[PDB]
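All residue numbers for the sequence shown refer to PDB author numbering, where the first residue is 1 and numbers rise by one.
Only one structure is covered here, and it is reproduced in the block below.
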Amino acid sequence: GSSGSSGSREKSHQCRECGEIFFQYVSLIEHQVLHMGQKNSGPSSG
Ligand SMILES: [Zn+2]
C-alpha cells in the first residue's frame, strides 16, 4: 500500500528498454533519444 520508499533514498537511472544503468540524468534523458531514430543521417551528412 504505497510502501517501499523510505524518506530520501538515492534514485538509480535504469533504462529497462535495453538495460543500462547511469548516474547523470542527462545520460539517460539523452540516451533515450539514441533508441529512436533510423535512416535519417547518411554518408557525408555535414
Ligand atoms: Zn535504453
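In this text, a Cβ means the ideal position worked out from N, Cα and C, and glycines have one as well.
Proximity winner among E17, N40, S5, relative to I29 (alpha-carbon distances): For the options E17, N40, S5, the alpha carbon positioned closest to that of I29 is the one of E17.
Nearest-residue set for ligand 1, Cβ under 5 angstroms from any heavy atom: Selection output, chain order preserved: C15, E17, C18.
First through last residue of the alpha helix (DSSP H) which encompasses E30: Boundaries of the alpha helix (DSSP H) harbouring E30: 25-35, taken from the DSSP string.
Under 8 angstroms between C-beta atoms of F22 and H35: At a Cβ-Cβ threshold of 8 angstroms, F22 and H35 do not count as neighbours.
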